[PDB]
Amino acid sequence: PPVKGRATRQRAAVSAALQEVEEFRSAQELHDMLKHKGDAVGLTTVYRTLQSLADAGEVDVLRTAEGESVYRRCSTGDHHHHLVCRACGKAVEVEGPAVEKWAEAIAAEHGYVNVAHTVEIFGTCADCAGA
DNA sequence: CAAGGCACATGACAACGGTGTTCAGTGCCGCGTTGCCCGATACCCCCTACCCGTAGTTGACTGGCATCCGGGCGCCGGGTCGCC
Ligand SMILES: [Zn+2]
Ligand SMILES: [Zn+2]
Ligand SMILES: [Zn+2]
């Protein structure tokens with residue numbers, strides 16, 4: 001996980017933590033689990049590295065209803081949409097050219113120069129209903 | 001003269017006003033700590049220059065050295081050969 005800044009142990013540690021975690025997480029709870037591992041990193045520094053990862057683009061970023069920004073990394077480079085369960089957090093990556101063509105067609109119809117789509121589908125889990 | 005009819009105001013009724021606080025999220029500036037990058041420095045190599053130890057050099061050449069006295073002074077102590 002290369003970063004724009006000079007490599008060191010702490011960015012490697014947070015990158016490895018993101019690698020192990022395959023769920024949507026917030027910065028504060030990410031720091032909580034990171035401290036639980038025992039690295040004892042700083043809050044604001046963790047912010048810098050996660051922000052850098054979001055800027056780099058190798059980690060997707062989502063915004064919750066509460067307004068918190070949450071992050072998680074994706075195995076595949078190409079763009080995709082993550083279906084996520086609020087209770088579980090199971091993020092599954094899917095993509096469809098139909099929505100892309102729809103966006104381009106709308107942009108052309110309205111004479112828009114450039115666009116950027118943000119589509120996230122929320123829903124109820126299959127196993128959450130079961131008990 | 002008493003009972004029945006209409007005005008204004010009234011006991012509550014929430015919801016705005018405006019402003020103060022709550023978790024929480026994320027930075028914004030202050031203090032301190034970190035990967036680089038090089039640059040010099042200790043430490044292997046090769047070469048030869050020079051110090052230092054060993055071994056020969058065949059006419060003949062076969063025993064030295066200069067001592068030492070003007071203490072001075074007395075005693076100890078032992079050796080040392082005569083003595084009868
Ligand atoms: Zn993604
Ligand atoms: Zn998309
Ligand atoms: Zn679920």
# chains A, B, ... in the order shown; residues from 1 in each chain; ligands from 1
$ residues_around --residues "residue 30 in chain A" --least-positions-apart "3" --cutoff "9 Å" --atoms "only C-alpha atoms (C1' of nucleotides)" --output "list in words"
residues 14, 17, 18, 25, 26, 27, 33, 34, 35 and 46 of chain A
$ write_last_selection --atoms "N, CA and C atoms" --output "PDB file, in the first residue's frame"
ATOM      1  N   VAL A  14      -1.845   0.786   9.729  1.00  0.00           N
ATOM      2  CA  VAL A  14      -3.236   1.116   9.417  1.00  0.00           C
ATOM      3  C   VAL A  14      -3.639   0.513   8.074  1.00  0.00           C
ATOM      4  N   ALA A  17      -4.411  -3.050   8.784  1.00  0.00           N
ATOM      5  CA  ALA A  17      -5.700  -3.136   9.462  1.00  0.00           C
ATOM      6  C   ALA A  17      -6.847  -2.996   8.471  1.00  0.00           C
ATOM      7  N   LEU A  18      -6.730  -2.054   7.533  1.00  0.00           N
ATOM      8  CA  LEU A  18      -7.738  -1.929   6.484  1.00  0.00           C
ATOM      9  C   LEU A  18      -7.778  -3.180   5.614  1.00  0.00           C
ATOM     10  N   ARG A  25     -16.233   1.112   7.998  1.00  0.00           N
ATOM     11  CA  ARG A  25     -15.808   1.550   9.321  1.00  0.00           C
ATOM     12  C   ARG A  25     -15.662   3.064   9.328  1.00  0.00           C
ATOM     13  N   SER A  26     -15.824   3.652  10.509  1.00  0.00           N
ATOM     14  CA  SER A  26     -15.598   5.073  10.724  1.00  0.00           C
ATOM     15  C   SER A  26     -14.222   5.296  11.344  1.00  0.00           C
ATOM     16  N   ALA A  27     -13.750   6.542  11.256  1.00  0.00           N
ATOM     17  CA  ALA A  27     -12.395   6.855  11.699  1.00  0.00           C
ATOM     18  C   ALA A  27     -12.229   6.615  13.195  1.00  0.00           C
ATOM     19  N   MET A  33     -10.259   0.228  17.411  1.00  0.00           N
ATOM     20  CA  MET A  33      -9.733  -1.118  17.177  1.00  0.00           C
ATOM     21  C   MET A  33      -8.220  -1.091  16.984  1.00  0.00           C
ATOM     22  N   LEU A  34      -7.693  -0.036  16.357  1.00  0.00           N
ATOM     23  CA  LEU A  34      -6.247   0.074  16.185  1.00  0.00           C
ATOM     24  C   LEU A  34      -5.542   0.136  17.534  1.00  0.00           C
ATOM     25  N   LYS A  35      -6.086   0.919  18.469  1.00  0.00           N
ATOM     26  CA  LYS A  35      -5.547   0.947  19.824  1.00  0.00           C
ATOM     27  C   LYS A  35      -5.703  -0.408  20.499  1.00  0.00           C
ATOM     28  N   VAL A  46      -4.038   9.479  12.161  1.00  0.00           N
ATOM     29  CA  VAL A  46      -4.831   8.456  11.496  1.00  0.00           C
ATOM     30  C   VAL A  46      -5.726   9.142  10.475  1.00  0.00           C
TER      31      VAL A  46
END
$ residues_near_ligand --ligand "ligand 2" --cutoff "9 Å" --atoms "only C-alpha atoms (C1' of nucleotides) and all ligand atoms" --output "PyMOL selection string"
chain A and resi 79-81+94-97+99-100+116-120
$ write_last_selection --atoms "N, CA, C and O atoms" --output "tab-separated table (two decimals), in the first residue's frame"
chain	number	residue	atom	x	y	z
A	79	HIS	N	-14.40	0.55	-11.12
A	79	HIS	CA	-15.49	1.13	-10.33
A	79	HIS	C	-16.65	0.17	-10.11
A	79	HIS	O	-16.98	-0.62	-11.00
A	80	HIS	N	-17.27	0.24	-8.94
A	80	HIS	CA	-18.38	-0.65	-8.60
A	80	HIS	C	-19.24	-0.01	-7.52
A	80	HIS	O	-18.85	1.00	-6.93
A	81	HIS	N	-20.41	-0.58	-7.25
A	81	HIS	CA	-21.30	-0.08	-6.20
A	81	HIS	C	-21.33	-1.09	-5.08
A	81	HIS	O	-21.35	-2.29	-5.32
A	94	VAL	N	-20.50	-4.64	-6.91
A	94	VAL	CA	-21.14	-4.95	-8.19
A	94	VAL	C	-21.09	-3.72	-9.08
A	94	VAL	O	-21.01	-2.58	-8.61
A	95	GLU	N	-21.15	-3.96	-10.39
A	95	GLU	CA	-21.09	-2.90	-11.38
A	95	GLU	C	-22.01	-3.27	-12.54
A	95	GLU	O	-22.22	-4.45	-12.82
A	96	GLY	N	-22.55	-2.25	-13.20
A	96	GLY	CA	-23.42	-2.44	-14.33
A	96	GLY	C	-23.22	-1.36	-15.38
A	96	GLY	O	-23.31	-0.17	-15.07
A	97	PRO	N	-22.95	-1.73	-16.64
A	97	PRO	CA	-22.81	-0.69	-17.67
A	97	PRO	C	-24.10	0.04	-17.98
A	97	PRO	O	-24.06	1.13	-18.57
A	99	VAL	N	-26.28	1.53	-15.93
A	99	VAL	CA	-26.36	2.79	-15.20
A	99	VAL	C	-25.36	3.80	-15.78
A	99	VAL	O	-25.64	5.00	-15.85
A	100	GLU	N	-24.19	3.32	-16.20
A	100	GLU	CA	-23.20	4.21	-16.80
A	100	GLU	C	-23.75	4.82	-18.08
A	100	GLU	O	-23.67	6.04	-18.28
A	116	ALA	N	-20.32	12.99	-12.57
A	116	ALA	CA	-19.79	12.01	-11.63
A	116	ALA	C	-20.96	11.44	-10.84
A	116	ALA	O	-21.60	12.18	-10.09
A	117	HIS	N	-21.24	10.15	-11.01
A	117	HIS	CA	-22.42	9.54	-10.42
A	117	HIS	C	-22.06	9.02	-9.04
A	117	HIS	O	-20.95	8.53	-8.83
A	118	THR	N	-22.99	9.13	-8.10
A	118	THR	CA	-22.86	8.51	-6.79
A	118	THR	C	-24.16	7.79	-6.48
A	118	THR	O	-25.16	8.43	-6.16
A	119	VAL	N	-24.14	6.46	-6.58
A	119	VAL	CA	-25.33	5.63	-6.41
A	119	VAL	C	-25.01	4.57	-5.36
A	119	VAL	O	-24.07	3.79	-5.54
A	120	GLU	N	-25.79	4.54	-4.28
A	120	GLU	CA	-25.67	3.53	-3.25
A	120	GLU	C	-27.06	3.02	-2.91
A	120	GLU	O	-27.98	3.81	-2.67
$ interface_residues --of "chain B" --to "chain A" --cutoff "12 Å" --atoms "only C-alpha atoms (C1' of nucleotides)" --output "NGL selection string"
:B and (23-28 or 34-36)
$ write_last_selection --atoms "N, CA and C atoms (P, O5', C5', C4', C3', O3' and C1' of nucleotides)" --output "short mmCIF file (atom, residue, chain, number, x, y, z; two decimals), in the first residue's frame"
data_model
loop_
_atom_site.label_atom_id
_atom_site.label_comp_id
_atom_site.auth_asym_id
_atom_site.auth_seq_id
_atom_site.Cartn_x
_atom_site.Cartn_y
_atom_site.Cartn_z
P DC B 23 -22.99 14.18 23.90
"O5'" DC B 23 -23.19 12.60 23.87
"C5'" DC B 23 -23.69 11.92 22.68
"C4'" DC B 23 -22.64 11.79 21.59
"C3'" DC B 23 -21.22 11.41 22.02
"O3'" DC B 23 -20.50 10.71 20.99
"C1'" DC B 23 -21.14 13.37 20.75
P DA B 24 -20.98 9.29 20.39
"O5'" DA B 24 -21.11 9.60 18.83
"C5'" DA B 24 -21.34 10.95 18.34
"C4'" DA B 24 -20.14 11.46 17.58
"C3'" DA B 24 -18.78 11.01 18.11
"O3'" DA B 24 -18.17 9.92 17.39
"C1'" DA B 24 -18.78 13.29 17.33
P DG B 25 -18.42 9.67 15.81
"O5'" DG B 25 -18.06 11.07 15.12
"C5'" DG B 25 -18.76 11.52 13.95
"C4'" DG B 25 -17.90 12.42 13.09
"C3'" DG B 25 -16.51 11.88 12.76
"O3'" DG B 25 -16.21 12.01 11.35
"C1'" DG B 25 -16.33 14.07 13.58
P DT B 26 -14.76 11.58 10.73
"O5'" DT B 26 -14.01 12.97 10.47
"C5'" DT B 26 -14.77 14.09 10.00
"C4'" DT B 26 -13.95 15.37 10.03
"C3'" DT B 26 -12.49 15.20 9.62
"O3'" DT B 26 -12.13 16.18 8.64
"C1'" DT B 26 -12.63 16.35 11.68
P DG B 27 -11.38 15.77 7.28
"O5'" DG B 27 -10.16 16.79 7.21
"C5'" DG B 27 -9.43 17.09 8.40
"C4'" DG B 27 -9.91 18.40 9.01
"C3'" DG B 27 -8.87 19.51 9.03
"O3'" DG B 27 -9.48 20.79 8.84
"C1'" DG B 27 -9.49 19.05 11.23
P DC B 28 -8.63 22.04 8.28
"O5'" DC B 28 -9.02 23.25 9.25
"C5'" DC B 28 -8.72 23.17 10.64
"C4'" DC B 28 -8.03 24.43 11.13
"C3'" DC B 28 -6.82 24.86 10.33
"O3'" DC B 28 -6.65 26.27 10.44
"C1'" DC B 28 -6.14 23.87 12.43
P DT B 34 9.43 8.74 17.08
"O5'" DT B 34 9.38 8.93 15.49
"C5'" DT B 34 10.47 8.49 14.70
"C4'" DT B 34 10.05 8.25 13.25
"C3'" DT B 34 11.12 7.57 12.41
"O3'" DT B 34 10.67 6.28 12.01
"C1'" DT B 34 10.47 9.71 11.43
P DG B 35 11.62 5.32 11.15
"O5'" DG B 35 11.03 5.42 9.67
"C5'" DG B 35 11.63 4.69 8.61
"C4'" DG B 35 11.16 5.23 7.27
"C3'" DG B 35 12.20 5.20 6.15
"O3'" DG B 35 11.97 4.10 5.27
"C1'" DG B 35 11.49 7.45 6.55
P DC B 36 12.62 4.09 3.80
"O5'" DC B 36 14.01 4.86 3.99
"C5'" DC B 36 14.84 5.13 2.86
"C4'" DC B 36 14.38 6.36 2.11
"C3'" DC B 36 15.48 7.08 1.33
"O3'" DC B 36 15.25 6.95 -0.07
"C1'" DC B 36 14.59 8.51 3.06
#
$ residues_near_ligand --ligand "ligand 1" --cutoff "9 Å" --atoms "only C-alpha atoms (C1' of nucleotides) and all ligand atoms" --output "ChimeraX atom specification"
/A:57-61,72-82,91-93
$ residues_near_ligand --ligand "ligand 3" --cutoff "10 Å" --atoms "only C-alpha atoms (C1' of nucleotides) and all ligand atoms" --output "PyMOL selection string"
chain A and resi 84-90+123-130
$ write_last_selection --atoms "N, CA, C and O atoms" --output "PDB file, in the first residue's frame"
ATOM      1  N   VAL A  84     -24.633  -2.560   0.966  1.00  0.00           N
ATOM      2  CA  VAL A  84     -24.195  -2.712   2.349  1.00  0.00           C
ATOM      3  C   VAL A  84     -25.403  -2.898   3.256  1.00  0.00           C
ATOM      4  O   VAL A  84     -26.444  -2.261   3.063  1.00  0.00           O
ATOM      5  N   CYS A  85     -25.259  -3.778   4.247  1.00  0.00           N
ATOM      6  CA  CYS A  85     -26.258  -3.982   5.288  1.00  0.00           C
ATOM      7  C   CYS A  85     -25.928  -3.095   6.480  1.00  0.00           C
ATOM      8  O   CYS A  85     -24.804  -3.124   6.989  1.00  0.00           O
ATOM      9  N   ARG A  86     -26.912  -2.309   6.924  1.00  0.00           N
ATOM     10  CA  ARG A  86     -26.689  -1.422   8.061  1.00  0.00           C
ATOM     11  C   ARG A  86     -26.375  -2.211   9.327  1.00  0.00           C
ATOM     12  O   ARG A  86     -25.497  -1.825  10.106  1.00  0.00           O
ATOM     13  N   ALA A  87     -27.085  -3.320   9.551  1.00  0.00           N
ATOM     14  CA  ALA A  87     -26.861  -4.106  10.761  1.00  0.00           C
ATOM     15  C   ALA A  87     -25.544  -4.872  10.696  1.00  0.00           C
ATOM     16  O   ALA A  87     -24.785  -4.892  11.671  1.00  0.00           O
ATOM     17  N   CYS A  88     -25.256  -5.506   9.558  1.00  0.00           N
ATOM     18  CA  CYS A  88     -24.070  -6.346   9.419  1.00  0.00           C
ATOM     19  C   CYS A  88     -22.876  -5.570   8.876  1.00  0.00           C
ATOM     20  O   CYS A  88     -21.768  -5.677   9.412  1.00  0.00           O
ATOM     21  N   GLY A  89     -23.084  -4.793   7.817  1.00  0.00           N
ATOM     22  CA  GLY A  89     -21.998  -4.125   7.131  1.00  0.00           C
ATOM     23  C   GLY A  89     -21.386  -4.913   5.997  1.00  0.00           C
ATOM     24  O   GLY A  89     -20.312  -4.533   5.512  1.00  0.00           O
ATOM     25  N   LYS A  90     -22.026  -5.994   5.556  1.00  0.00           N
ATOM     26  CA  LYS A  90     -21.495  -6.813   4.471  1.00  0.00           C
ATOM     27  C   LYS A  90     -21.490  -6.001   3.183  1.00  0.00           C
ATOM     28  O   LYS A  90     -22.547  -5.740   2.601  1.00  0.00           O
ATOM     29  N   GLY A 123     -30.521  -1.585   1.891  1.00  0.00           N
ATOM     30  CA  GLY A 123     -31.570  -2.583   2.010  1.00  0.00           C
ATOM     31  C   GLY A 123     -31.417  -3.414   3.263  1.00  0.00           C
ATOM     32  O   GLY A 123     -30.427  -3.315   3.991  1.00  0.00           O
ATOM     33  N   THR A 124     -32.429  -4.245   3.500  1.00  0.00           N
ATOM     34  CA  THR A 124     -32.476  -5.103   4.676  1.00  0.00           C
ATOM     35  C   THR A 124     -31.834  -6.451   4.375  1.00  0.00           C
ATOM     36  O   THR A 124     -32.044  -7.031   3.307  1.00  0.00           O
ATOM     37  N   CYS A 125     -31.066  -6.950   5.339  1.00  0.00           N
ATOM     38  CA  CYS A 125     -30.281  -8.157   5.145  1.00  0.00           C
ATOM     39  C   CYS A 125     -31.186  -9.376   4.986  1.00  0.00           C
ATOM     40  O   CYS A 125     -32.352  -9.379   5.390  1.00  0.00           O
ATOM     41  N   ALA A 126     -30.626 -10.426   4.382  1.00  0.00           N
ATOM     42  CA  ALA A 126     -31.363 -11.678   4.250  1.00  0.00           C
ATOM     43  C   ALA A 126     -31.467 -12.404   5.586  1.00  0.00           C
ATOM     44  O   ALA A 126     -32.543 -12.896   5.948  1.00  0.00           O
ATOM     45  N   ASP A 127     -30.363 -12.480   6.334  1.00  0.00           N
ATOM     46  CA  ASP A 127     -30.335 -13.231   7.584  1.00  0.00           C
ATOM     47  C   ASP A 127     -30.719 -12.401   8.801  1.00  0.00           C
ATOM     48  O   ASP A 127     -30.994 -12.977   9.861  1.00  0.00           O
ATOM     49  N   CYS A 128     -30.741 -11.070   8.686  1.00  0.00           N
ATOM     50  CA  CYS A 128     -31.132 -10.242   9.824  1.00  0.00           C
ATOM     51  C   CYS A 128     -32.579 -10.504  10.220  1.00  0.00           C
ATOM     52  O   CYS A 128     -32.907 -10.526  11.413  1.00  0.00           O
ATOM     53  N   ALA A 129     -33.459 -10.700   9.236  1.00  0.00           N
ATOM     54  CA  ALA A 129     -34.853 -11.001   9.540  1.00  0.00           C
ATOM     55  C   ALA A 129     -34.977 -12.310  10.307  1.00  0.00           C
ATOM     56  O   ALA A 129     -35.764 -12.412  11.256  1.00  0.00           O
ATOM     57  N   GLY A 130     -34.208 -13.322   9.913  1.00  0.00           N
ATOM     58  CA  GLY A 130     -34.235 -14.582  10.627  1.00  0.00           C
ATOM     59  C   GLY A 130     -33.659 -14.454  12.025  1.00  0.00           C
ATOM     60  O   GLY A 130     -32.835 -13.584  12.310  1.00  0.00           O
TER      61      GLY A 130
END
$ select_by_dssp --residues "chain A" --states "alpha helix (DSSP H)" --output "VMD selection string"
chain A and resid 9 to 20 27 to 37 43 to 56 97 to 109 126 to 129
$ closest_residue --among "A:41, A:62, A:29, A:107" --to "residue 13 in chain A" --atoms "only C-alpha atoms"
A:41
$ atom_distance --atom1 "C1' of residue 33 in chain B" --atom2 "CA of residue 45 in chain A"
12.4 Å
$ select_by_dssp --residues "chain A" --states "strand (DSSP E)" --output "number ranges by chain"
A: 25-26, 59-63, 69-73, 81-85, 92-94, 122-123
